[PDB]
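Participant: Below are the structure tokens for one structure; questions will follow.
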Amino acid sequence: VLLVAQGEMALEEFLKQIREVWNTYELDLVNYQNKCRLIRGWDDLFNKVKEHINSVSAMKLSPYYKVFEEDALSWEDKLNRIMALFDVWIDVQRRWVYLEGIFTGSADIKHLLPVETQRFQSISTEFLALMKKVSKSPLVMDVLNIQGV
Amino acid sequence: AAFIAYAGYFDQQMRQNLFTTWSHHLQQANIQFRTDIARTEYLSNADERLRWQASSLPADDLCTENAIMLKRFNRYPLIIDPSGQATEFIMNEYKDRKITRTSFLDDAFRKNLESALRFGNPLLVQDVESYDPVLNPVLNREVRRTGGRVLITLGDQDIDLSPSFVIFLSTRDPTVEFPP
Amino acid sequence: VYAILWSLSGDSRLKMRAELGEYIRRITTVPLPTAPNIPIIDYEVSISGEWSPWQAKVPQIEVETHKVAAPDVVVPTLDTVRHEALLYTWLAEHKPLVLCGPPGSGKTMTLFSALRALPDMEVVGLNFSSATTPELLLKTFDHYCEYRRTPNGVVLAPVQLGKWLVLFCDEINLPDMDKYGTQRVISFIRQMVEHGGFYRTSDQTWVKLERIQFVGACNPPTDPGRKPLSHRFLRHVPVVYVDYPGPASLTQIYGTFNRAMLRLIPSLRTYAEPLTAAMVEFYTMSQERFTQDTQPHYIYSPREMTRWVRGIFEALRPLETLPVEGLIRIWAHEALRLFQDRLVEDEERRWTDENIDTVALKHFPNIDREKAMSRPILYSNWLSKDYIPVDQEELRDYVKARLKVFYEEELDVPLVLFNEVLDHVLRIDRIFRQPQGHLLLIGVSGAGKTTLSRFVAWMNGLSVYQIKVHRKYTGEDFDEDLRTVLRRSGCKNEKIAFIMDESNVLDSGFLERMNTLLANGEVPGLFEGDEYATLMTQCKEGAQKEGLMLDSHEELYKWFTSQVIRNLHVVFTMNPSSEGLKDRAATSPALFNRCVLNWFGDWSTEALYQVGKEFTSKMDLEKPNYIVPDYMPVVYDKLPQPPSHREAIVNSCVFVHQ
Amino acid sequence: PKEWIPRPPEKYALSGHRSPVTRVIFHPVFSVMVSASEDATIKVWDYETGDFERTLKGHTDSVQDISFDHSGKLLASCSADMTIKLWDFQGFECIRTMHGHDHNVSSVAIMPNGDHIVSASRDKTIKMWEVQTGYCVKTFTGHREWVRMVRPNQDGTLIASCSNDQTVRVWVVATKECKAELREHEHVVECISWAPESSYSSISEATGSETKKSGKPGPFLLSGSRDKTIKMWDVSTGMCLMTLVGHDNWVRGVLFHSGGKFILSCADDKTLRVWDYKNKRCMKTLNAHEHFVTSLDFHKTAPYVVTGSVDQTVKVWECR
Ligand SMILES: Nc1ncnc2c1ncn2[C@@H]1O[C@H](COP(=O)(O)OP(=O)(O)OP(=O)(O)O)[C@@H](O)[C@H]1O
Ligand SMILES: Nc1ncnc2c1ncn2[C@@H]1O[C@H](COP(=O)(O)OP(=O)(O)O)[C@@H](O)[C@H]1O
């Protein structure tokens, strides 16, 4: 029963390490022209999410993984949700920065495209509100706990 | 044992010259040993020979000699074969433990090592001409146990113990100079 | 005539200096000194018209025993006073200097002493790194000077009125060139010295230096890390050749050192001059015997002799009374550990042991060889507190007991002990015990590297730490790892072991910064930002813990780097001299002299015999029906006679390895 | 009586063990002495005559600790197998065993009050235990390395602990933690003492302290290093005033006499030396055995001392 005990201890350590990583994971902030806080380390966050997802998927194939099946399923669901949210948010930050750079240096762009300028201003206000909310709660779990995020 | 651990790199002529030198001088040292040594038949048996021949492996003196070298290794070997069927053999045999892969540009090094040796698996690397630096401490197979948690010095993360672990390495270029 | 000599051969070797002097004597009409067996350079032009040798100007000082091995003020010798005088002559005209010569000659120490003996010139010691920038000089000018405005223009002057601020350049040649064969910092220096000023970055306004000078010193450009200096810069700077001090200078300086050393024991004051003569002739014969052609680490400098003096004084300080036999035993031990430990060949080691025996018998008469010393000369502070010699048997027993303790403590791997591994362990221990002594263990793969060092680091209280490298390994991440290492060493006051292999030296992008770390402790341009602010607040918190008030930025940084250079220990491990693939190829002689080299070599025949006998003793292979051959082929000269079956088997295994 | 220092040579020698000794303890009820061995065994012998009585084995790993109760009706033990065995000296048999540790336990003993038992192991975790229930109720951590030795003071509201991270922390046993830090040592710490019985007057008079109403300013304890030196912390910030030098190897332990007037220490130099701290010099140096000494313990009421060695030999010195 020594091998079974070692496998159970390894699975418990896996769950504890995953929970500790989820609790200690935080969203880095970088100043952007004194307007908002763009997320820093997006590549590192994506790599960490991919590594956690791959580790969970590969660990859900062993013979002694049925002891913490519910915890493994919950961790996999949380990791998938966090990965999807980060994948959406990285594109959101990139597109918002592109739109802000496009519409910031141009003064007659509002006159040329008024509806597009108004839509961009509304999207920029929404992005600023989201950035303020993310800065208020920099924790990854706190950010993911916002309804409708 | 001297042949197994020493004459794994030399060609047939130098290998036999070394064996004859060892045998002649050990005879000069007055130690009892057989003269008509058949080391290949002595180190294996007919059932495993037929198993090897049924499997994808050639059949002559040097190839069966290196085959009996592969069976009872202690350090994980570096096979230099134009065919390259050791990966096929290891996926045929040790598929029961969900073998994983690691190379140079894998985005996870410490996380990959800790997860792999955490839930338990063997390892195998492809394109072995560019060597894998992950393989150094597990290649050593050193032990540092903390009371049920076996850990070795690679990465900031911690690992566990996996009983089933075989490493088979490959080299296509017959003229390379490995690091010392 | 004197200035023509010092201008046309002032950077030339001694034999070519003599050739130029005799050529000047041949073509000249000015009267010259009439002594034939002396060069003209050894004479001096005094205020009076007649010549007078420099030998009548040198003193013979006696320094305290408190400062006998680290003479921040140098011993005034002929070369010291001569180069002091010429530094004064070339410094009073604000021209920049460069002192060139082989490492170990004393250029930087004589430069410090001569440039600090006068109160007019203030000193700002600065070291040039490979990635140095003119922004470093701009920061130095901001700290030590100020921007004042006159109707003529902007003027940069020192804060201290009436003081000529001299900026120091410890390595004027070390900054790397660009892709177009120029060095930006030395072009900046040339611009200052040729225009009398520069242009400010913020205001784009011309400025004018008021009381600023420059002084540099470097190694020859034939060194691997040194570049041919630009002719446009070299047009200004005179060059002085600082050769090795030579036999008269060595005898004078180290006779003074021995006279100030041997004051602790009062009954051996008569042996100071024989000790000086013996050491100087051993040093010069070893230098003549061994050169750089066989191996590139065969450099011999008076830094070896100063380390010798420091070791002798460290051994003699705790001991109340010693005999002449014990004194020359400590002398022989230090000679071994400073000279023959770095040799590669067993023939060379035998030659050096015979050299030590010959030196002892020639220059130490009426002293018995056996009572003077033995063959196993081993010193350790483990078995006893005092630094007294320990014998092989009790040393091996104590190390075996400590190793049995170490098995279940950190690493559970069997080890076999013998003479060479005991010698290597004691050498490693003495290098860790000596502060700032950086160890460099090289040899064949295996052979106990990163195992004896780990064992000694565990037993001496040092915390071992290995280094790993990866792909996409940013200099920022390497600086973060060095941040944790430096914080542990200095801020937390925890000793660390800088264990690394040659496989971690795959990229030279971080090789230069560990070179500067080995040179002067700290590496410039590393930590800047909010992490810099947090580490200085951590440093001042550690200052409060250790009991000093340091709220000042640069003094806190200086205390941090002083703590680090106090408690940082370095051990290198790499293969013998066949690795020309890396950037160094031949590694820097300055790095070799700063470090200390231990040659592990391969396991000897007796080493293989013992490590085979210990491991094979578990099985039962004894044959009572064994027949002893009338002629046994034996390679181990200390085999038992008649050999047993186990002895024959392990001799066969040793022969198989051979 | 009060000046009955140990003197050479030993009046009795025992060689009935098969491994090195770890700890030496006694009993308050009867004149029976017990010890620990590295082969899961305990040796019991008499001092008046020098005859062994029985042995108390049963552990799975090497025993590295032993404790004695003030009432004399309780005992404690520890082993590297993460097990603590409590036995009764009346029947010389085991009573209960409590697990809970995760690494090799270095030392374990019961508190002076007897309500809770401290623990120490390579995992740097102190685990408490119950007597009637046998279940853990309290725990502590914070050490950066393996815990060497921990012992509460006379008051029982403070405990001195040292580790291998060159830092010894003194914390309140009752509720608080991290009262002061003593990191002046440069080597690893091995052992430390808490307080003697008649030590306050000695500290107030001989050392640099106030007279009469000193107010008991903190714990004044020596040792705490292995680089042939000792460090002493007085109060608050832990100023260093007294250093004990003379050990040829790493220190092993420190104790006091019955009257608290003599200082006796043991180390790995294979010699037991008693030095008078008032004279700041060694009073008598004696060779314990031919092997390294691991532990020693001097009897308080009886005028004798004991010593251990790794050569399976135990010597009992005579004090007069
Ligand atoms: N006249 C002298 N008096 C005292 N010490 C001397 C004298 N000449 C040489 N030395 C010693 O010889 C050594 C000279 O080494 P070296 O000049 O290379 O070192 P440095 O002055 O520290 O700097 P650098 O390596 O940059 O030259 C020093 O340790 C110095 O103490
Ligand atoms: N003196 C010795 N006696 C017995 N074994 C040794 C000795 N020195 C080294 N070894 C063995 O060599 C092994 C590997 O260490 P080594 O190869 O020397 O490190 P490195 O590869 O850094 O040189 C260790 O497991 C150790 O057991």
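Starting from 1 in every chain, residues are counted up; chains themselves are A, B, ... following the order of the structure tokens, and ligands are numbered from 1 as listed.
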Within 7 Å of chain C, which residues of chain B are there when counting only C-alpha atoms? Please give them as a list in words.
Facilitator: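 For chain B, the answer reads residues 22, 26, 28, 29, 30, 105 and 144 of chain B.
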Participant: Convert the current residue selection to file output with C-alpha atoms, as an mmCIF file, in the first residue's frame.
Facilitator:
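Now in result22.cif:
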```cif
data_model
loop_
_atom_site.group_PDB
_atom_site.id
_atom_site.type_symbol
_atom_site.label_atom_id
_atom_site.label_comp_id
_atom_site.auth_asym_id
_atom_site.auth_seq_id
_atom_site.Cartn_x
_atom_site.Cartn_y
_atom_site.Cartn_z
ATOM 1 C CA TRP B 22 42.035 -8.200 -20.688
ATOM 2 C CA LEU B 26 44.060 -11.772 -16.383
ATOM 3 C CA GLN B 28 48.909 -13.802 -16.603
ATOM 4 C CA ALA B 29 47.533 -12.779 -13.192
ATOM 5 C CA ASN B 30 46.581 -16.457 -12.586
ATOM 6 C CA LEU B 105 11.994 25.217 -26.506
ATOM 7 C CA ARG B 144 17.249 13.299 -1.739
#
```
Participant: Would you give me, as a count of residues only, the residues of chain A that come within 8 Å of chain B, using only C-alpha atoms?
Facilitator: 11
Participant: So which residues of stretch 42-151 of chain B fall under strand (DSSP E or B) by DSSP, listed as number ranges by chain?
Facilitator: B: 78-79, 100, 123, 145, 150
Participant: How about saving the chosen residues, N, CA, C and O atoms kept, as a JSON list (two decimals), in the first residue's frame?
Facilitator:
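Output file out_26.json is given in full below:
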```json
[["chain", "number", "residue", "atom", "x", "y", "z"],
["B", 78, "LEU", "N", 22.89, 6.02, -25.16],
["B", 78, "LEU", "CA", 22.83, 6.82, -26.38],
["B", 78, "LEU", "C", 23.02, 5.89, -27.57],
["B", 78, "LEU", "O", 24.16, 5.56, -27.93],
["B", 79, "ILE", "N", 21.92, 5.46, -28.17],
["B", 79, "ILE", "CA", 21.97, 4.53, -29.29],
["B", 79, "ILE", "C", 22.34, 5.31, -30.55],
["B", 79, "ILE", "O", 21.76, 6.36, -30.83],
["B", 100, "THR", "N", 5.63, 11.08, -21.50],
["B", 100, "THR", "CA", 5.56, 12.48, -21.90],
["B", 100, "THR", "C", 6.82, 12.86, -22.68],
["B", 100, "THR", "O", 7.73, 12.05, -22.87],
["B", 123, "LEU", "N", 9.86, 9.30, -19.59],
["B", 123, "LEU", "CA", 10.17, 10.38, -20.50],
["B", 123, "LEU", "C", 10.83, 9.83, -21.76],
["B", 123, "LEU", "O", 11.41, 8.74, -21.75],
["B", 145, "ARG", "N", 15.57, 12.36, -0.26],
["B", 145, "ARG", "CA", 14.23, 12.08, 0.23],
["B", 145, "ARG", "C", 13.96, 12.84, 1.52],
["B", 145, "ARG", "O", 14.80, 12.88, 2.42],
["B", 150, "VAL", "N", 10.36, 12.48, -2.80],
["B", 150, "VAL", "CA", 11.68, 12.39, -3.42],
["B", 150, "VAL", "C", 11.89, 13.61, -4.31],
["B", 150, "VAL", "O", 11.08, 13.89, -5.20]]
```
Participant: If you count only C-alpha atoms, which residues fall within 10 Å of residue D:30, apart from same-chain ones fewer than 5 positions away, as number ranges by chain?
Facilitator: D: 72-73, 89-90
Participant: Please, what distance in Å, to one decimal, runs between atom CA of residue C:45 and atom CA of residue C:19?
Facilitator: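 Value for the atom CA of residue C:45-atom CA of residue C:19 distance: 20.1 Å.
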Participant: Give me, as an mmCIF file with C-alpha atoms, in the first residue's frame, the set of residues whose atoms come within 9 Å of any atom of ligand 1, counting only C-alpha atoms and all ligand atoms.
Facilitator:
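Output saved as result24.cif:
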```
data_model
loop_
_atom_site.group_PDB
_atom_site.id
_atom_site.type_symbol
_atom_site.label_atom_id
_atom_site.label_comp_id
_atom_site.auth_asym_id
_atom_site.auth_seq_id
_atom_site.Cartn_x
_atom_site.Cartn_y
_atom_site.Cartn_z
ATOM 1 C CA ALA C 69 50.073 41.411 4.564
ATOM 2 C CA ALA C 70 47.730 44.087 3.120
ATOM 3 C CA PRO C 71 49.923 47.169 2.595
ATOM 4 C CA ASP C 72 47.474 49.781 1.302
ATOM 5 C CA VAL C 73 50.496 52.058 1.535
ATOM 6 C CA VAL C 74 53.171 50.390 -0.573
ATOM 7 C CA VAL C 75 56.758 49.693 0.458
ATOM 8 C CA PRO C 76 58.919 52.446 -1.091
ATOM 9 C CA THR C 77 61.342 50.725 -3.464
ATOM 10 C CA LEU C 78 63.327 51.946 -6.476
ATOM 11 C CA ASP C 79 60.502 51.336 -8.952
ATOM 12 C CA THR C 80 57.945 52.782 -6.525
ATOM 13 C CA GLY C 101 52.400 46.028 -17.885
ATOM 14 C CA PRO C 102 51.806 42.397 -16.965
ATOM 15 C CA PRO C 103 49.345 41.783 -14.116
ATOM 16 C CA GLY C 104 50.829 41.628 -10.637
ATOM 17 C CA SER C 105 53.470 44.318 -11.156
ATOM 18 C CA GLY C 106 51.888 46.742 -8.686
ATOM 19 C CA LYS C 107 50.723 49.447 -11.118
ATOM 20 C CA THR C 108 47.390 50.212 -9.441
ATOM 21 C CA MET C 109 48.777 50.147 -5.897
ATOM 22 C CA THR C 110 51.690 52.447 -6.751
ATOM 23 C CA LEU C 111 49.240 54.685 -8.625
ATOM 24 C CA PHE C 112 46.968 54.913 -5.559
ATOM 25 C CA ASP C 170 41.112 51.201 -13.133
ATOM 26 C CA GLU C 171 40.911 49.588 -16.599
ATOM 27 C CA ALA C 217 45.848 52.092 -15.997
ATOM 28 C CA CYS C 218 45.487 48.834 -17.906
ATOM 29 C CA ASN C 219 47.078 45.590 -19.150
ATOM 30 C CA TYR C 244 57.768 42.565 -12.565
ATOM 31 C CA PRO C 245 59.723 43.995 -9.605
ATOM 32 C CA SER C 249 62.926 44.714 -5.256
ATOM 33 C CA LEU C 250 61.545 41.341 -4.146
ATOM 34 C CA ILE C 253 60.092 44.358 0.030
ATOM 35 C CA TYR C 254 59.681 40.856 1.400
ATOM 36 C CA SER C 301 53.521 37.554 -9.767
ATOM 37 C CA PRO C 302 54.455 39.105 -6.407
ATOM 38 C CA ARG C 303 50.761 38.697 -5.554
ATOM 39 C CA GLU C 304 51.728 35.059 -4.979
ATOM 40 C CA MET C 305 54.422 36.236 -2.561
ATOM 41 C CA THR C 306 51.992 38.525 -0.723
ATOM 42 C CA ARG C 307 49.552 35.612 -0.403
ATOM 43 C CA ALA C 519 36.775 41.655 -9.879
ATOM 44 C CA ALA C 590 43.468 38.670 -14.419
ATOM 45 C CA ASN C 593 45.282 35.621 -10.720
ATOM 46 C CA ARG C 594 42.209 36.757 -8.769
#
```
Participant: Please return as a PyMOL selection string the residues found within 8 Å of ligand 2, counting only C-alpha atoms and all ligand atoms.
Facilitator: (chain B and resi 142) or (chain C and resi 413-418+421+444-452+501+573+611)
